[PDB]
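Bear in mind that the values in this text are calculations on the coordinates, not laboratory data. Cβ placement follows ideal geometry from the backbone for every residue including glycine, while neighbour counts extend to all protein chains displayed.
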Amino acid sequence: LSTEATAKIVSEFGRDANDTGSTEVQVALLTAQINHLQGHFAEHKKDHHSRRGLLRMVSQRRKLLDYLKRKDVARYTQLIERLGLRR
Amino acid sequence: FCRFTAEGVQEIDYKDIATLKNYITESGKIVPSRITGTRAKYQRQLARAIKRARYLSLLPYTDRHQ
Amino acid sequence: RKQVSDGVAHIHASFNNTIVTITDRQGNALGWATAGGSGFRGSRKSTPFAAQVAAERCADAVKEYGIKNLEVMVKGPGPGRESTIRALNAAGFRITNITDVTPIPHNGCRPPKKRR
Amino acid sequence: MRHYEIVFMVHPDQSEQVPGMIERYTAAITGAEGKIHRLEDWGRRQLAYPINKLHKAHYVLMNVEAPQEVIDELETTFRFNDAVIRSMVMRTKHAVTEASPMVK
Amino acid sequence: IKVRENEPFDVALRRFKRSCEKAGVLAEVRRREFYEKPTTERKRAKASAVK
RNA sequence: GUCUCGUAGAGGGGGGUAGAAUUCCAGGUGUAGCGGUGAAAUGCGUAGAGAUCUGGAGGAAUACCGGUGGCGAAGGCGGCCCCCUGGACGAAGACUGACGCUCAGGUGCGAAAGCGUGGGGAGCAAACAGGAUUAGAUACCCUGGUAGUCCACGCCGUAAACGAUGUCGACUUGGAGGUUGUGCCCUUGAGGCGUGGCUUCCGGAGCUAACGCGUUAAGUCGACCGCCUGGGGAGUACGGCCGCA
RNA sequence: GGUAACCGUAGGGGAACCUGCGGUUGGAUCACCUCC
């Protein structure tokens with residue numbers, strides 16, 4: 001995204017501006033990149049090199065969610081419903 | 001012998017003519033690196049500048065043109 | 001007829017033939033000669049002697065216009081064709097500058113292959 | 001908003017309103033708060049090789065920090081109007097301002 | 001190179017294409033093909049370094 | 001793994017734009033040949049060619065820089081500029097707290113050639129037509145020239161797709177160079193001490209049948225996956241799946 | 001600062017193979033007394 005977008009997004013899910021490393025803020029950042037970038041491939045059919053990065057980010061988000069699933073279901077469910085993630 | 005590493009320039013410019021005219025042969029071809037001894041990155045930026053100035057018709061393609 | 005006195009000339013230097021043309025600066029062709037315009041054929045034409053005799057043969061066509069100074073461009077990679085201009089110099093034409101133009105395509109149309 | 005470098009080229013007989021071009025273009029850039037760092041007029045100049053059977057034409061340079069929409073509006077204006085023969089647009093890493101060697 | 005020189009006539013001066021131009025042009029270009037099998041061509045240029 | 005600041009780069013798309021050159025068209029000059037081979041011939045030629053000049057239309061790849069340089073998981077990527085965007089590395093500092101490695105099935109990408117529908121067509125060019133020549137042989141050689149090569153939306157999923165070396169870790173003397181970051185010193189102008197990535201070449205211990213590899217292993221170990229069991233028949237027959245073929 | 005061969009594929013044809021497009025270096029062959 002951009003520096004101001006990241007600075008405003010870290011506070012909505014993390015801690016006093018110094019954490020920026022928690023699972024919640026991580027998944028927030030990845031999901032922001034995915035939601036922004038989906039409009040790129042809606043027009044650029046032929047690109048296949050950034051698709052690898054897209055799939056890597058999706059896999060990282062999936063891995064983080066599966067870790068949170070075992071870690072604490074309460075924050076897992078809170079995060080998914082407030083972010084709009086199907087599962 | 002090199003000039004850019006001696007003078008410590010961070011970014012080499014394309015608008016000025018004096019520096020990059022020295023690094024062209026008489027026929028408009030860019031001089032190879034190993035002839036002049038300039039470092040590789042600065043040679044690359046040189047070539048970038050040659051194309052950039054050559055687009056603006058500040059420096060000729062080759063001496064065939066009148 | 002019409003006096004030039006500072007004429008220009010073009011020579012073609014292909015592997016197989018040589019063409020010499022004298023120009024009145026602005027494109028205008030007044031006289032020309034070729035290595036094949038004297039019955040030459042085969043290996044007798046490849047050597048630059050054919051080019052030299054063609055060059056001297058152009059003279060009897062050029063001298064009607066009274067040209068003293070001459071300008072020339074050479075085009076073609078043919079072996080031994082650089083000696084042609086010496087013939088025009090010996091013919092009495094005052095050469096002052098010999099330029100060269102070889103058309104180099106900037107890796108454009110693909111070149112065909114010769115015989116194996 | 002980011003830095004940009006722009007030059008363009010003007011037909012000789014059409015040089016009489018080049019101040020008009022500078023006025024209109026600068027007004028366009030400042031119309032969206034865009035900031036101009038430098039303007040240079042190099043006057044009539046000879047060309048290395050001819051463009052449109054022309055051996056000379058007029059030169060103008062500027063260095064601005066301005067948003068994308070105004071950069072596109074400029075570039076569309078240059079491509080639409082035939083009074084300019086050539087154009088150039090660049091990005092720069094910082095707001096360079098010191099004296100250009102071209103006039104040194 | 002525009003060959004304009006002083007008063008002396010026919011001082012040759014055509015010889016110096018060695019430094020200005022790669023001698024292979026118009027033989028590797030505009031006819032036949034080249035640039036294939038490059039590595040063996042480059043390697044021999046330095047394999048002879050010895051002391 | 002995440003964040004702050006930066007660096008390099010033919011990483012991938014979309015759109016413009018510039019010069020060089022092969023064609024074709026229009027108009028001047030000018031004459032008898034041009035072209036191609038060892039000769040040649042077919043072929044172009046004066047209701048006006050090539051050669052030269054001016055102008056114009058259209059297509060493809062971007063000379064020079066350009067390198068045993070760079071990027072990418074691989075295939076592969078090279079004029080310049082704008083827009084979108086994937087990945088790598090350096091400096092300190094902070095944060096999450098085992099979130100990891102591999103991967104049967106599965107999904108995606110995958111040079112060129114080849115199909116399906118529609119465009120474009122300069123050059124090149126399988127098949128094919130003509131001439132010629134050796135050698136019973138055509139083929140090689142030379143004129144023309146169709147698919148194709150280019151662009152749109154899909155199939156095909158094959159190569160000596162090779163570094164003939166699967167991915168991920170930790171541990172074991174040296175030497176030379178390249179490319180790209182960065183600390184210490186008054187920098188006593190391009191210079192000195194040190195630390196990181198990625199790369200090319202010698203060579204010790206060790207290993208291998210040998211050639212050789214040798215901190216980027218084919219050395220000493222561990223985790224997982226794929227594959228092999230004499231040569232030909234044969235990556236072939238019959239089936240299943242995939243494919244319009 | 002000599003030469004080739006093997007791949008993938010498409011068109012043509014048998015002592016035997018050609019070209020069009022892309023790729024790789026694994027760029028070279030032999031070791032035959034009785035007589036034909």
Looking at E:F16, is it more than 14 Å from RNA strand F (Cβ to nearest atom) and more than 8 Å from chain C (Cβ to nearest Cβ)?
yes
In segment A:28-62, how many are under 20 Å from A:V10 (Cβ atoms) and out of contact with any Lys or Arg (no Cβ under 8 Å at 6 or more places or on another chain)?
10
For segment B:22-66, which residues satisfy the criterion of being within 14 Å of chain D (Cβ to nearest Cβ), closer than 16 Å to E:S19 by Cβ and crowded, with 16+ Cβ neighbours inside 10 Å?
B:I24, B:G28
Scanning segment C:65-116 for residues that are within 23 Å of C:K45 (Cβ to Cβ) and more than 16 Å from the chain's Cα centre (by Cα), the one farthest from the other protein chains (Cβ to nearest Cβ) turns out to be C:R115
Matching residues, segment D:87-103, being more than 10 Å from chain B (Cβ to nearest Cβ) and surrounded by 12 or more Cβ atoms within 10 Å (Cβ to Cβ)
D:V89, D:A95
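Restricting to segment E:9-51, name every residue that is hydroxyl-bearing (S, T, Y) and either surrounded by 11 or more Cβ atoms within 10 Å (Cβ to Cβ) or within 16 Å of RNA strand G (Cβ to nearest atom) (or both). Break it down stepwise before answering.
Here is the first cut: in segment E:9-51, the residues hydroxyl-bearing (S, T, Y) are E:19, E:35, E:39-40, E:48.
Answer for segment E:9-51, where residues must be hydroxyl-bearing (S, T, Y) and either surrounded by 11 or more Cβ atoms within 10 Å (Cβ to Cβ) or within 16 Å of RNA strand G (Cβ to nearest atom) (or both): E:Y35, E:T39, E:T40, E:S48.
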Could you please let me know if A:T3 is within 7 Å of RNA strand F (Cβ to nearest atom), free of Cβ contacts under 8 Å to residues at least 24 places away in the same chain and within 14 Å of chain D (Cβ to nearest Cβ)?
yes
Please count how many residues of segment E:19-51 are among the small types (G, A, S), closer than 26 Å to C:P111 by Cβ and near RNA strand F (Cβ under 9 Å from one of its atoms).
1
Only unsatisfied item for D:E40, checking (1) surrounded by 14 or more Cβ atoms within 10 Å (Cβ to Cβ); (2) among the acidic types (D, E); (3) without any contact (Cβ under 8 Å) to a residue 60 or more places away in the chain, is (3)
If you go through segment C:44-57 one residue at a time, how many are under 14 Å from the mean Cα position of the chain (by Cα) and over 25 Å from E:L13 (Cα atoms)?
1
Among residues belonging to segment E:19-51 that are assigned to a loop (DSSP other than H, G, I, E, B) and within 12 Å of the chain's Cα centre (by Cα), point out the one that is nearest to the other protein chains (Cβ to nearest Cβ).
E:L26
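State all residues of segment B:1-21 that are of a type in the set (A, V, I, L, M) and loosely packed, with under 10 Cβ neighbours inside 10 Å; if no residue qualifies, say none.
Within segment B:1-21, B:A6, B:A18 qualify.
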Quick check on this structure: which one of A:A7, A:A17, A:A32 is small (G, A, S) and within 11 Å of the chain's Cα centre (by Cα)?
A:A32
Of the conditions (1) away from chain E (no Cβ under 13 Å); (2) within 30 Å of E:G24 (Cβ to Cβ), C:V53 fails just one. Which one is it?
(2)
Tabulated pairs, segment A:28-39, first under 16 Å from A:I80 (Cα atoms), second among the aromatic types (F, W, Y), C-beta under 8 angstrom, 6+ apart or interchain:
A:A28/A:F13
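Quick grid of which residues meet (1) free of Cβ contacts under 8 Å to residues at least 40 places away in the same chain; (2) more than 12 Å from chain B (Cβ to nearest Cβ):
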{"position": "D:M9", "(1), (2)": "no, no"}
{"position": "D:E16", "(1), (2)": "yes, yes"}
{"position": "D:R45", "(1), (2)": "yes, no"}
{"position": "D:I51", "(1), (2)": "no, no"}
{"position": "D:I71", "(1), (2)": "no, yes"}
{"position": "D:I85", "(1), (2)": "no, no"}
The lone condition E:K2 fails out of (1) away from RNA strand G (no atom under 16 Å from the Cβ); (2) basic (K, R); (3) surrounded by 12 or more Cβ atoms within 10 Å (Cβ to Cβ); (4) over 22 Å from B:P32 (Cα atoms) is (3)
